[PDB]
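Novice: Just one file: query-v6.txt, with compact mmCIF, C-alpha atoms and all ligand atoms.
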# COMPACT_ATOMS: atom_id res chain seq x y z
CA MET A 49 94.73 -58.88 -16.70
CA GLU A 50 96.34 -56.04 -18.79
CA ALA A 51 97.83 -57.81 -21.87
CA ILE A 52 101.48 -57.18 -22.80
CA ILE A 53 101.01 -55.28 -26.13
CA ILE A 54 103.62 -56.64 -28.64
CA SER A 55 105.19 -53.84 -30.77
CA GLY A 56 105.57 -55.39 -34.25
CA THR A 57 107.05 -52.02 -35.37
CA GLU A 58 109.93 -52.27 -32.78
CA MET A 59 110.53 -56.01 -33.29
CA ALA A 60 110.64 -55.45 -37.11
CA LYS A 61 113.25 -52.68 -36.44
CA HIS A 62 115.53 -55.04 -34.39
CA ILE A 63 115.16 -57.70 -37.16
CA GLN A 64 115.91 -55.23 -40.03
CA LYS A 65 119.18 -54.34 -38.16
CA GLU A 66 120.10 -58.10 -38.15
CA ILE A 67 119.30 -58.33 -41.93
CA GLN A 68 121.34 -55.11 -42.60
CA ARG A 69 124.36 -56.75 -40.82
CA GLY A 70 123.58 -59.93 -42.83
CA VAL A 71 123.60 -58.02 -46.19
CA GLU A 72 126.95 -56.23 -45.40
CA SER A 73 128.46 -59.62 -44.37
CA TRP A 74 127.26 -61.23 -47.70
CA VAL A 75 128.68 -58.26 -49.73
CA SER A 76 131.90 -58.26 -47.50
CA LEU A 77 132.47 -61.68 -49.10
CA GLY A 78 132.71 -60.92 -52.87
CA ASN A 79 128.92 -61.50 -53.52
CA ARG A 80 126.33 -59.36 -55.38
CA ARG A 81 124.14 -57.02 -53.26
CA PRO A 82 120.59 -58.48 -53.18
CA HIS A 83 118.16 -56.95 -55.75
CA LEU A 84 114.36 -57.27 -55.25
CA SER A 85 112.11 -56.68 -58.33
CA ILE A 86 108.48 -55.85 -57.33
CA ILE A 87 105.46 -55.95 -59.72
CA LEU A 88 102.54 -53.76 -58.55
CA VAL A 89 99.34 -54.11 -60.67
CA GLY A 90 96.59 -51.47 -60.47
CA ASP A 91 95.77 -48.67 -58.06
CA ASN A 92 94.75 -50.27 -54.68
CA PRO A 93 95.93 -47.67 -52.10
CA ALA A 94 96.63 -50.38 -49.42
CA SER A 95 98.71 -52.38 -52.01
CA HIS A 96 100.56 -49.11 -52.90
CA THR A 97 101.15 -48.42 -49.12
CA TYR A 98 102.54 -51.94 -48.43
CA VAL A 99 104.95 -51.84 -51.46
CA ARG A 100 106.28 -48.37 -50.41
CA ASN A 101 106.92 -49.78 -46.87
CA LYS A 102 108.71 -52.76 -48.50
CA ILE A 103 110.91 -50.53 -50.80
CA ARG A 104 111.66 -48.12 -47.89
CA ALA A 105 112.66 -51.02 -45.55
CA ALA A 106 114.72 -52.72 -48.33
CA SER A 107 116.62 -49.40 -48.90
CA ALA A 108 117.20 -49.15 -45.06
CA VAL A 109 118.83 -52.62 -44.93
CA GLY A 110 120.93 -52.00 -48.14
CA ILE A 111 118.79 -54.17 -50.49
CA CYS A 112 118.33 -52.69 -53.98
CA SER A 113 114.80 -52.70 -55.39
CA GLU A 114 113.02 -51.72 -58.61
CA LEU A 115 109.23 -51.13 -58.87
CA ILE A 116 107.53 -52.42 -62.08
CA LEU A 117 104.01 -50.86 -62.42
CA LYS A 118 101.32 -52.54 -64.59
CA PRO A 119 97.75 -51.24 -65.08
CA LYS A 120 94.74 -53.12 -63.61
CA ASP A 121 93.60 -54.31 -67.11
CA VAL A 122 96.99 -56.10 -67.77
CA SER A 123 96.76 -59.71 -69.13
CA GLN A 124 97.99 -62.89 -67.36
CA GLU A 125 100.31 -63.45 -70.39
CA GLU A 126 101.86 -59.95 -70.02
CA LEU A 127 102.63 -60.61 -66.28
CA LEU A 128 104.21 -64.03 -67.11
CA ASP A 129 106.35 -62.26 -69.81
CA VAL A 130 107.75 -59.96 -67.10
CA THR A 131 108.30 -62.84 -64.58
CA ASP A 132 110.19 -64.83 -67.34
CA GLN A 133 112.50 -61.84 -68.04
CA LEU A 134 113.20 -61.42 -64.27
CA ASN A 135 113.81 -65.18 -63.85
CA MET A 136 116.54 -64.86 -66.56
CA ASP A 137 118.17 -61.67 -65.13
CA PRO A 138 121.08 -62.91 -62.95
CA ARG A 139 121.25 -59.51 -61.11
CA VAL A 140 117.65 -60.06 -59.75
CA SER A 141 117.86 -62.23 -56.53
CA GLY A 142 114.13 -61.91 -55.58
CA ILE A 143 110.78 -61.39 -57.41
CA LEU A 144 107.58 -60.25 -55.63
CA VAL A 145 104.12 -59.93 -57.25
CA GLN A 146 101.96 -57.87 -54.84
CA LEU A 147 98.52 -59.49 -54.30
CA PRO A 148 95.73 -59.38 -54.86
CA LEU A 149 95.77 -59.37 -58.72
CA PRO A 150 92.84 -58.50 -61.10
CA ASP A 151 90.01 -61.14 -61.31
CA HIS A 152 91.01 -61.99 -64.98
CA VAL A 153 94.57 -63.05 -63.79
CA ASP A 154 94.98 -66.53 -62.20
CA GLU A 155 97.11 -65.90 -59.02
CA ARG A 156 98.34 -69.55 -58.83
CA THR A 157 99.64 -69.31 -62.48
CA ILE A 158 101.64 -66.08 -61.75
CA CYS A 159 103.02 -67.42 -58.39
CA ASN A 160 104.21 -70.55 -60.33
CA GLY A 161 105.85 -68.23 -62.96
CA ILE A 162 108.46 -67.01 -60.40
CA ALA A 163 111.67 -69.13 -60.21
CA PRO A 164 111.47 -70.90 -56.79
CA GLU A 165 115.05 -69.72 -55.99
CA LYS A 166 113.82 -66.06 -56.48
CA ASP A 167 110.33 -66.63 -54.92
CA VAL A 168 110.74 -64.41 -51.78
CA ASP A 169 106.99 -64.75 -50.86
CA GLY A 170 107.34 -68.58 -51.02
CA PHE A 171 103.98 -68.85 -52.94
CA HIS A 172 105.45 -71.07 -55.72
CA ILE A 173 103.98 -74.63 -55.56
CA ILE A 174 107.53 -76.13 -54.96
CA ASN A 175 108.05 -73.68 -52.03
CA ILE A 176 104.55 -74.60 -50.65
CA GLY A 177 105.28 -78.31 -51.22
CA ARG A 178 108.61 -78.02 -49.30
CA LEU A 179 106.88 -76.02 -46.48
CA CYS A 180 104.25 -78.79 -46.09
CA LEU A 181 107.05 -81.45 -45.86
CA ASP A 182 109.00 -79.42 -43.22
CA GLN A 183 111.97 -78.94 -45.65
CA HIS A 184 114.18 -75.78 -45.99
CA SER A 185 112.13 -73.32 -48.16
CA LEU A 186 111.38 -69.60 -48.62
CA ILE A 187 108.63 -69.39 -45.93
CA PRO A 188 105.73 -66.97 -46.61
CA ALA A 189 106.46 -63.60 -44.89
CA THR A 190 103.19 -63.09 -42.87
CA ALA A 191 103.33 -66.74 -41.70
CA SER A 192 107.08 -66.28 -40.76
CA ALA A 193 106.10 -63.00 -39.02
CA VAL A 194 103.48 -64.67 -36.78
CA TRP A 195 105.94 -67.54 -35.91
CA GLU A 196 108.70 -64.91 -35.14
CA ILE A 197 106.44 -62.72 -32.91
CA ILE A 198 105.54 -65.90 -30.98
CA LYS A 199 109.15 -67.16 -30.57
CA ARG A 200 110.72 -63.76 -29.65
CA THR A 201 107.91 -63.05 -27.11
CA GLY A 202 108.68 -66.50 -25.55
CA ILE A 203 105.06 -67.70 -26.13
CA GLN A 204 105.35 -71.53 -25.76
CA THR A 205 103.86 -73.57 -28.68
CA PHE A 206 105.16 -77.03 -27.63
CA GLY A 207 102.17 -79.18 -26.50
CA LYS A 208 99.96 -76.01 -26.45
CA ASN A 209 96.45 -75.55 -27.91
CA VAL A 210 96.52 -73.16 -30.91
CA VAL A 211 93.51 -72.02 -33.01
CA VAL A 212 94.24 -70.62 -36.51
CA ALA A 213 91.10 -68.72 -37.70
CA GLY A 214 91.90 -68.73 -41.44
CA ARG A 215 92.84 -71.40 -44.04
CA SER A 216 94.08 -69.11 -46.89
CA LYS A 217 96.82 -70.83 -49.00
CA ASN A 218 99.08 -67.68 -48.68
CA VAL A 219 98.68 -67.03 -44.86
CA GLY A 220 96.33 -69.38 -42.89
CA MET A 221 97.54 -72.79 -44.12
CA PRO A 222 101.27 -71.86 -43.79
CA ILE A 223 100.64 -70.61 -40.17
CA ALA A 224 98.88 -73.95 -39.31
CA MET A 225 101.85 -75.75 -40.98
CA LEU A 226 104.64 -73.89 -39.03
CA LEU A 227 102.78 -74.14 -35.67
CA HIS A 228 101.82 -77.89 -35.60
CA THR A 229 104.92 -79.56 -37.16
CA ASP A 230 107.91 -81.40 -35.57
CA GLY A 231 110.51 -79.27 -33.68
CA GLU A 232 113.28 -81.66 -34.93
CA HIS A 233 112.56 -81.60 -38.73
CA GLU A 234 114.87 -79.89 -41.30
CA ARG A 235 112.58 -76.77 -40.97
CA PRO A 236 111.50 -76.99 -37.29
CA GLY A 237 107.79 -76.47 -36.37
CA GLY A 238 106.02 -75.43 -33.12
CA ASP A 239 104.77 -78.93 -32.00
CA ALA A 240 101.44 -77.23 -31.10
CA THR A 241 97.94 -78.82 -31.16
CA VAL A 242 96.39 -76.78 -34.01
CA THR A 243 92.64 -76.31 -34.76
CA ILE A 244 91.98 -74.82 -38.29
CA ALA A 245 88.78 -72.68 -38.46
CA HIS A 246 87.39 -70.94 -41.59
CA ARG A 247 84.19 -69.25 -42.92
CA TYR A 248 82.21 -72.55 -42.46
CA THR A 249 83.19 -73.06 -38.77
CA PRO A 250 79.95 -72.08 -36.92
CA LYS A 251 80.83 -69.09 -34.61
CA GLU A 252 79.64 -71.19 -31.61
CA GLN A 253 82.22 -73.93 -32.52
CA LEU A 254 85.00 -71.29 -33.02
CA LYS A 255 84.30 -69.92 -29.48
CA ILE A 256 84.32 -73.47 -27.91
CA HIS A 257 87.82 -73.96 -29.53
CA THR A 258 89.30 -70.47 -28.80
CA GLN A 259 88.24 -70.88 -25.11
CA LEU A 260 90.72 -73.85 -24.81
CA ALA A 261 93.45 -72.03 -26.85
CA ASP A 262 96.86 -70.97 -25.41
CA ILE A 263 97.27 -68.98 -28.72
CA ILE A 264 94.64 -67.53 -31.11
CA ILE A 265 95.92 -66.53 -34.59
CA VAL A 266 93.11 -64.89 -36.66
CA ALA A 267 93.60 -64.08 -40.42
CA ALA A 268 89.93 -63.59 -41.44
CA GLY A 269 89.32 -59.90 -42.34
CA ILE A 270 86.26 -59.73 -39.98
CA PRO A 271 86.42 -56.87 -37.43
CA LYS A 272 85.73 -58.07 -33.84
CA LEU A 273 85.62 -61.78 -34.91
CA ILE A 274 87.56 -62.45 -31.66
CA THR A 275 85.66 -61.04 -28.63
CA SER A 276 86.97 -61.31 -25.02
CA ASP A 277 84.33 -64.05 -24.11
CA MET A 278 86.14 -66.28 -26.69
CA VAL A 279 89.60 -65.85 -25.08
CA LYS A 280 91.22 -67.98 -22.31
CA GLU A 281 92.67 -65.84 -19.44
CA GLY A 282 96.39 -65.22 -20.14
CA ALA A 283 96.17 -66.52 -23.77
CA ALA A 284 98.26 -64.98 -26.65
CA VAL A 285 96.21 -63.31 -29.44
CA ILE A 286 97.98 -62.66 -32.77
CA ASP A 287 95.90 -60.40 -35.06
CA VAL A 288 96.77 -60.78 -38.78
CA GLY A 289 93.51 -58.92 -39.80
CA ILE A 290 93.74 -55.58 -41.74
CA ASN A 291 90.22 -53.95 -41.92
CA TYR A 292 89.69 -50.40 -43.39
CA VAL A 293 86.13 -49.64 -42.02
CA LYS A 302 89.92 -46.19 -39.60
CA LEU A 303 92.26 -49.30 -39.51
CA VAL A 304 91.21 -52.20 -37.13
CA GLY A 305 92.14 -55.92 -36.76
CA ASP A 306 89.94 -59.06 -36.45
CA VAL A 307 90.29 -58.79 -32.60
CA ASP A 308 88.11 -56.62 -30.28
CA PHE A 309 91.40 -55.12 -28.93
CA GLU A 310 89.97 -52.77 -26.22
CA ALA A 311 88.12 -55.75 -24.57
CA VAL A 312 90.57 -58.62 -25.40
CA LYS A 313 93.58 -56.64 -23.97
CA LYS A 314 91.77 -57.02 -20.52
CA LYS A 315 91.56 -60.88 -20.86
CA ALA A 316 94.70 -61.96 -22.85
CA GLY A 317 98.31 -62.27 -21.56
CA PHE A 318 99.69 -61.05 -24.96
CA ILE A 319 98.15 -59.18 -27.93
CA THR A 320 99.33 -57.66 -31.25
CA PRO A 321 97.74 -54.33 -32.14
CA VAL A 322 96.59 -53.23 -35.62
CA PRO A 323 98.29 -51.20 -36.94
CA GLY A 324 101.84 -51.78 -35.54
CA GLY A 325 101.66 -55.60 -35.00
CA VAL A 326 102.07 -58.31 -37.71
CA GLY A 327 102.13 -55.64 -40.53
CA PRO A 328 105.72 -54.34 -39.98
CA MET A 329 106.95 -57.95 -39.31
CA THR A 330 105.51 -59.11 -42.73
CA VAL A 331 107.91 -56.52 -44.30
CA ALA A 332 110.89 -57.62 -42.11
CA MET A 333 110.49 -61.37 -42.89
CA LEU A 334 110.23 -60.56 -46.69
CA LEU A 335 113.69 -58.86 -46.43
CA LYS A 336 115.03 -61.89 -44.51
CA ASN A 337 113.68 -64.01 -47.44
CA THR A 338 115.31 -61.59 -49.96
CA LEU A 339 118.78 -62.06 -48.34
CA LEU A 340 118.22 -65.88 -47.95
CA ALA A 341 117.16 -66.15 -51.68
CA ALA A 342 120.29 -64.15 -52.82
CA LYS A 343 122.60 -66.76 -51.13
CA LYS A 344 121.00 -69.49 -53.34
CA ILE A 345 121.37 -72.23 -50.61
CA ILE A 346 117.89 -73.97 -50.73
CA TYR A 347 118.18 -75.26 -54.39
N1 LIG B 1 102.97 -60.85 -53.07
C1 LIG B 1 102.47 -60.46 -51.78
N2 LIG B 1 101.25 -59.83 -51.68
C2 LIG B 1 100.72 -59.41 -50.45
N3 LIG B 1 99.51 -58.77 -50.38
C3 LIG B 1 101.40 -59.65 -49.27
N4 LIG B 1 101.01 -59.22 -48.06
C4 LIG B 1 101.32 -57.93 -47.53
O1 LIG B 1 102.01 -57.15 -48.23
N5 LIG B 1 100.86 -57.53 -46.30
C5 LIG B 1 101.13 -56.35 -45.62
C6 LIG B 1 100.20 -55.87 -44.70
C7 LIG B 1 100.50 -54.73 -43.97
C8 LIG B 1 101.74 -54.06 -44.10
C9 LIG B 1 102.01 -52.84 -43.23
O2 LIG B 1 103.01 -52.13 -43.54
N6 LIG B 1 101.24 -52.56 -42.12
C10 LIG B 1 101.48 -51.43 -41.20
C11 LIG B 1 100.91 -50.12 -41.77
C12 LIG B 1 99.47 -50.27 -42.22
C13 LIG B 1 98.93 -49.07 -42.97
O3 LIG B 1 99.53 -47.93 -43.07
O4 LIG B 1 97.79 -49.13 -43.56
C14 LIG B 1 100.83 -51.93 -39.91
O5 LIG B 1 100.01 -52.93 -39.83
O6 LIG B 1 101.18 -51.33 -38.84
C15 LIG B 1 102.68 -54.60 -44.97
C16 LIG B 1 102.39 -55.74 -45.71
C17 LIG B 1 102.63 -60.28 -49.34
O7 LIG B 1 103.31 -60.50 -48.32
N7 LIG B 1 103.21 -60.75 -50.62
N1 LIG B 2 83.88 -66.61 -39.70
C1 LIG B 2 85.25 -67.11 -39.92
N2 LIG B 2 85.84 -67.83 -38.97
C2 LIG B 2 87.06 -68.26 -39.18
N3 LIG B 2 87.72 -68.00 -40.30
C3 LIG B 2 87.15 -67.27 -41.30
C4 LIG B 2 85.89 -66.81 -41.13
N4 LIG B 2 85.56 -66.13 -42.25
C5 LIG B 2 86.59 -66.18 -43.07
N5 LIG B 2 87.58 -66.85 -42.53
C6 LIG B 2 88.78 -67.19 -43.08
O1 LIG B 2 89.87 -66.15 -43.14
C7 LIG B 2 90.52 -66.30 -44.31
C8 LIG B 2 90.50 -65.04 -45.11
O2 LIG B 2 91.63 -65.07 -45.98
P1 LIG B 2 91.56 -64.44 -47.47
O3 LIG B 2 90.73 -63.20 -47.53
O4 LIG B 2 92.96 -64.20 -47.90
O5 LIG B 2 90.73 -65.47 -48.41
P2 LIG B 2 91.18 -66.29 -49.86
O6 LIG B 2 91.77 -67.58 -49.43
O7 LIG B 2 89.98 -66.56 -50.61
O8 LIG B 2 92.10 -65.43 -50.69
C9 LIG B 2 89.79 -67.52 -45.17
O9 LIG B 2 90.61 -68.70 -45.07
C10 LIG B 2 88.61 -67.58 -44.65
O10 LIG B 2 87.87 -68.93 -44.77
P3 LIG B 2 87.47 -69.49 -46.33
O11 LIG B 2 88.65 -70.24 -46.96
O12 LIG B 2 86.33 -70.34 -46.05
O13 LIG B 2 87.11 -68.32 -47.18
What would you get if you wrote out this structure as C-alpha cells?

Specialist:
Amino acid sequence: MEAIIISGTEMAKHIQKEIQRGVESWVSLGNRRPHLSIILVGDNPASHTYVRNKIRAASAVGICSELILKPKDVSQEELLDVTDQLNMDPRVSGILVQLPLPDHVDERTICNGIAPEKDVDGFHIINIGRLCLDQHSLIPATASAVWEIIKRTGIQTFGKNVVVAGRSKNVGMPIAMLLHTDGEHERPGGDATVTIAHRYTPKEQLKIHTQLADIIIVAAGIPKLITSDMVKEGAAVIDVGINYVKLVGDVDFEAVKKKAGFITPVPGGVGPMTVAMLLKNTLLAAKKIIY
C-alpha cells in the first residue's frame, strides 16, 4: 500500500504557532520572555546546521537566544564554568549543550552541570530519573518528537507491538520509556508492548520482532537497517536516523513506503519536530512549574 508520508516540517510549523501563542500569553501576564543560551563546541557542520535551525525557530516563536561558541579543544572544566554562570543568571530560562562533545569531555558530567529547571534537553540525571518514574519532567526533544508524530497522526500505541531499534540514553531509552508506560500516570505513556533492540540484537532477531510490530522506531544511524521484508503491512515506521553518505534515514524509504501505512521521511520528518519540542521545553522551563 502507498504509505501516508508524515511531514515533520509541516507538523513542526503548526506546533511552533502553538508555542508562539504560548510565549505571548506568558509575557501577556507580567513574566520574562524566555531566553535560551546555547553552547556549541567545535566545527561539526551538522551540529552548526541544527543550532542555526534552533535559533531561527526560537526567533520565529519570540524566544530570545544567545549562541556561546567554544573551540573543539576546550576543557570539561571550562564548559562547567560556563554552565555554572548560566545556572546563576536569572534571565536565562533554558541551557542547551549541543552534542556530541569532544572525546576528552565527559557528556554525563556536562549534562549534570545544567540546573534541572533550565535543562531543556532533559538530559540531567534528575530529569532522566523523573522520566523513568513517569513524573512531570523536561522530556528529551527527539523522544517527545517521536511521541508527538505518533499521537497527532492518530497511530494507536495502546496494547500495540512497538520495536525501538536503539537504546541510546539521550534518544532510544526515552522513546522506549514514553511508549511502554501507563496512560494514567502523572506523565502519561503509550501503554505499548515495547521490544528494545540495539547493536547486539542479531539482524535475524530484529526482523522477527519488526514483522510483529504495529510501530517501528529506529534510532541507529545505519542506512537501510529497516528493509520492507522486515515491516508488517500497514505498520507505522518512524525514522530518527540522520546519515550523511546525500542525507538518508535508517529506513529503506523507497521500498518501505510500499509496505507501511505511515512513514517519516529524512529529511523533513523527526528533524524539524526535534526543534519544535525543544522550544516547547524552553517555554515549559521558563514557567518553572516542575520544581
Ligand atoms: N544538546 C543536544 N544535542 C543534540 N545533538 C540534539 N539533537 C539534535 O539537535 N538533532 C537534530 C537533528 C536534525 C535537525 C534538523 O533540523 N533536521 C532537518 C534538516 C537536516 C539537514 O539540513 O541536514 C531534517 O531532518 O529535515 C535538528 C536537530 C539535541 O536535541 N540536544
Ligand atoms: N544493528 C542495530 N540494530 C538495532 N539497533 C542498533 C544497531 N546498531 C546500533 N544500534 C543502536 O542505535 C543507537 C545509536 O545511538 P547513538 O549513536 O546515539 O549511540 P551512543 O549511545 O553510544 O551515543 C545505539 O543504542 C545503538 O546500540 P548500542 O547501545 O549497542 O551502541

Novice: Using all atoms listed in the file, which of A:125, A:182, A:287, A:114 sits nearest residue 88 of chain A?

Specialist: A:114

Novice: As a list in words, please: the residues near residue 256 of chain A (cut-off 12 Å, all atoms listed in the file, same-chain neighbours under 3 positions excluded).

Specialist: residues 211, 243, 245, 249, 250, 251, 252, 253, 259, 260, 261, 277, 278, 279 and 280 of chain A

Novice: For a quick check of understanding, using only C-alpha atoms and all ligand atoms, which of A:198, A:187, A:128, A:311 has the smallest distance to ligand LIG 1 (chain B)?

Specialist: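 The shortest atom-to-atom distance to ligand LIG 1 (chain B) comes from A:187.
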
Novice: Could you list, as JSON, numbers by chain, all residues that come within 8 Å of ligand LIG 1 (chain B)? Count all atoms listed in the file.

Specialist: {"A": [56, 57, 94, 95, 97, 98, 99, 101, 102, 144, 145, 146, 147, 148, 169, 188, 189, 190, 290, 303, 322, 323, 324, 325, 326, 327, 328, 329, 330, 331, 334]}

Novice: Kindly work out which residues sit at most 12 Å from ligand LIG 2 (chain B), using all atoms listed in the file, and give the list as number ranges by chain.

Specialist: A: 147-149, 151, 154-156, 190, 211-224, 243-255, 257-258, 264-274, 287-291, 306-307

Novice: Out of A:346, A:193, A:84, A:116, which residue has the shortest atom-to-atom distance to residue 138 of chain A when counting only C-alpha atoms?

Specialist: A:84

Novice: Go ahead and compute the interatomic distance for atom CA of residue 75 of chain A and atom CA of residue 183 of chain A, in Å to one decimal.

Specialist: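 Those two atoms sit 26.9 Å apart.
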
Novice: Near residue 50 of chain A, within 8 Å and counting all atoms listed in the file, which residues show up once chain neighbours fewer than 6 positions away are dropped, as a ChimeraX atom specification?

Specialist: /A:313-317

Novice: For a test of reading the model, state the distance in Å between atom CA of residue 80 of chain A and atom CA of residue 167 of chain A, rounded to one decimal.

Specialist: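 We find that atom CA of residue 80 of chain A and atom CA of residue 167 of chain A lie 17.6 Å from each other.
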
Novice: Could you please determine the separation between atom CA of residue 304 of chain A and atom CA of residue 332 of chain A in Å, to one decimal place?

Specialist: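 A separation of 21.0 Å between them.
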
Novice: Give the answer as one residue: which of A:54, A:341, A:103, A:319 has the shortest atom-to-atom distance to residue 163 of chain A, using only C-alpha atoms?

Specialist: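 Once distances to residue 163 of chain A are computed over only C-alpha atoms, the minimum belongs to A:341.
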
Novice: If we count all atoms listed in the file, what is near residue 74 of chain A at a cut-off of 10 Å, once residues fewer than 5 positions away on the same chain are taken out, given as a PDB file with C-alpha atoms, in the frame of the given file?

Specialist:
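Full text of out_2.pdb as output:
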ATOM      1  CA  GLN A  68     121.340 -55.110 -42.600  1.00  0.00           C
ATOM      2  CA  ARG A  69     124.360 -56.750 -40.820  1.00  0.00           C
ATOM      3  CA  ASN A  79     128.920 -61.500 -53.520  1.00  0.00           C
ATOM      4  CA  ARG A  80     126.330 -59.360 -55.380  1.00  0.00           C
ATOM      5  CA  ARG A  81     124.140 -57.020 -53.260  1.00  0.00           C
ATOM      6  CA  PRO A  82     120.590 -58.480 -53.180  1.00  0.00           C
ATOM      7  CA  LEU A 339     118.780 -62.060 -48.340  1.00  0.00           C
ATOM      8  CA  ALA A 342     120.290 -64.150 -52.820  1.00  0.00           C
ATOM      9  CA  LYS A 343     122.600 -66.760 -51.130  1.00  0.00           C
TER      10      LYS A 343
END

Novice: Measuring atom to atom with only C-alpha atoms, identify which of A:345, A:111, A:159, A:63 is nearest to residue 176 of chain A.

Specialist: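 Under the stated criterion, the closest residue is A:159.
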
Novice: Rank nothing, just name the residue among A:143, A:158, A:168, A:108 nearest to residue 129 of chain A, using only C-alpha atoms.

Specialist: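 Comparing A:143, A:158, A:168, A:108 against residue 129 of chain A, the winner is A:158.
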
Novice: With only C-alpha atoms as the counted atoms, please give the residues lying no more than 8 Å from residue 115 of chain A, apart from itself and same-chain residues fewer than 2 positions off, as a ChimeraX atom specification.

Specialist: /A:85-88,113,117

Novice: Keeping C-alpha atoms, export the residues of the selection given above as an mmCIF file, in the frame of the given file.

Specialist:
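Okay, this is what ended up in result.cif:
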data_model
loop_
_atom_site.group_PDB
_atom_site.id
_atom_site.type_symbol
_atom_site.label_atom_id
_atom_site.label_comp_id
_atom_site.auth_asym_id
_atom_site.auth_seq_id
_atom_site.Cartn_x
_atom_site.Cartn_y
_atom_site.Cartn_z
ATOM 1 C CA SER A 85 112.110 -56.680 -58.330
ATOM 2 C CA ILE A 86 108.480 -55.850 -57.330
ATOM 3 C CA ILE A 87 105.460 -55.950 -59.720
ATOM 4 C CA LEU A 88 102.540 -53.760 -58.550
ATOM 5 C CA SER A 113 114.800 -52.700 -55.390
ATOM 6 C CA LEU A 117 104.010 -50.860 -62.420
#

Novice: Report as JSON lines: every residue of segment 136-225 of chain A with an atom at most 12 Å from segment 232-235 of chain A, its closest pair of atoms, and their distance in Å to one decimal, counting only C-alpha atoms, with rows sorted by chain and ascending residue number.

Specialist:
{"residue": "A:178", "atom": "CA", "partner": "A:235", "partner_atom": "CA", "distance": 9.3}
{"residue": "A:179", "atom": "CA", "partner": "A:235", "partner_atom": "CA", "distance": 8.0}
{"residue": "A:180", "atom": "CA", "partner": "A:235", "partner_atom": "CA", "distance": 10.0}
{"residue": "A:181", "atom": "CA", "partner": "A:235", "partner_atom": "CA", "distance": 8.7}
{"residue": "A:182", "atom": "CA", "partner": "A:235", "partner_atom": "CA", "distance": 5.0}
{"residue": "A:183", "atom": "CA", "partner": "A:235", "partner_atom": "CA", "distance": 5.2}
{"residue": "A:184", "atom": "CA", "partner": "A:235", "partner_atom": "CA", "distance": 5.4}
{"residue": "A:185", "atom": "CA", "partner": "A:235", "partner_atom": "CA", "distance": 8.0}
{"residue": "A:186", "atom": "CA", "partner": "A:235", "partner_atom": "CA", "distance": 10.6}
{"residue": "A:187", "atom": "CA", "partner": "A:235", "partner_atom": "CA", "distance": 9.7}
{"residue": "A:192", "atom": "CA", "partner": "A:235", "partner_atom": "CA", "distance": 11.8}
{"residue": "A:206", "atom": "CA", "partner": "A:232", "partner_atom": "CA", "distance": 11.9}
{"residue": "A:225", "atom": "CA", "partner": "A:235", "partner_atom": "CA", "distance": 10.8}

Novice: Save segment 229-239 of chain A of the structure in the block above to a file, with N, CA, C and O atoms included, as a PDB file, in the first residue's frame.

Specialist:
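Below is the file selection_7.pdb, written as the result:
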ATOM      1  N   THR A 229       4.799   2.995  28.919  1.00  0.00           N
ATOM      2  CA  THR A 229       4.430   3.318  30.317  1.00  0.00           C
ATOM      3  C   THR A 229       2.936   3.654  30.385  1.00  0.00           C
ATOM      4  O   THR A 229       2.293   3.766  29.325  1.00  0.00           O
ATOM      5  N   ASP A 230       2.423   3.720  31.615  1.00  0.00           N
ATOM      6  CA  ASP A 230       0.978   3.756  31.963  1.00  0.00           C
ATOM      7  C   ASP A 230       0.350   5.077  31.507  1.00  0.00           C
ATOM      8  O   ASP A 230       0.845   6.140  31.913  1.00  0.00           O
ATOM      9  N   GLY A 231      -0.726   4.984  30.709  1.00  0.00           N
ATOM     10  CA  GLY A 231      -1.533   6.110  30.218  1.00  0.00           C
ATOM     11  C   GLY A 231      -2.133   6.952  31.337  1.00  0.00           C
ATOM     12  O   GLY A 231      -2.549   8.071  31.036  1.00  0.00           O
ATOM     13  N   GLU A 232      -2.160   6.474  32.585  1.00  0.00           N
ATOM     14  CA  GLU A 232      -2.829   7.194  33.700  1.00  0.00           C
ATOM     15  C   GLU A 232      -1.832   7.830  34.671  1.00  0.00           C
ATOM     16  O   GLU A 232      -2.279   8.446  35.630  1.00  0.00           O
ATOM     17  N   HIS A 233      -0.535   7.710  34.437  1.00  0.00           N
ATOM     18  CA  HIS A 233       0.497   8.205  35.377  1.00  0.00           C
ATOM     19  C   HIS A 233       0.635   9.715  35.220  1.00  0.00           C
ATOM     20  O   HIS A 233       0.168  10.237  34.216  1.00  0.00           O
ATOM     21  N   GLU A 234       1.289  10.373  36.161  1.00  0.00           N
ATOM     22  CA  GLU A 234       1.450  11.853  36.182  1.00  0.00           C
ATOM     23  C   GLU A 234       1.891  12.333  34.789  1.00  0.00           C
ATOM     24  O   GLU A 234       1.279  13.280  34.267  1.00  0.00           O
ATOM     25  N   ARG A 235       2.898  11.680  34.193  1.00  0.00           N
ATOM     26  CA  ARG A 235       3.327  11.895  32.785  1.00  0.00           C
ATOM     27  C   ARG A 235       2.877  10.667  32.000  1.00  0.00           C
ATOM     28  O   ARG A 235       3.538   9.636  32.023  1.00  0.00           O
ATOM     29  N   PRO A 236       1.695  10.718  31.350  1.00  0.00           N
ATOM     30  CA  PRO A 236       1.138   9.556  30.668  1.00  0.00           C
ATOM     31  C   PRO A 236       2.136   8.932  29.696  1.00  0.00           C
ATOM     32  O   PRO A 236       2.908   9.683  29.174  1.00  0.00           O
ATOM     33  N   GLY A 237       2.075   7.609  29.514  1.00  0.00           N
ATOM     34  CA  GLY A 237       2.819   6.848  28.491  1.00  0.00           C
ATOM     35  C   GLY A 237       1.893   6.245  27.444  1.00  0.00           C
ATOM     36  O   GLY A 237       0.701   6.499  27.490  1.00  0.00           O
ATOM     37  N   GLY A 238       2.432   5.455  26.518  1.00  0.00           N
ATOM     38  CA  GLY A 238       1.677   4.911  25.376  1.00  0.00           C
ATOM     39  C   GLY A 238       0.983   3.587  25.655  1.00  0.00           C
ATOM     40  O   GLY A 238       0.122   3.225  24.833  1.00  0.00           O
ATOM     41  N   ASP A 239       1.354   2.870  26.723  1.00  0.00           N
ATOM     42  CA  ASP A 239       0.759   1.551  27.088  1.00  0.00           C
ATOM     43  C   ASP A 239       0.990   0.543  25.964  1.00  0.00           C
ATOM     44  O   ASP A 239       0.157  -0.379  25.798  1.00  0.00           O
TER      45      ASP A 239
END
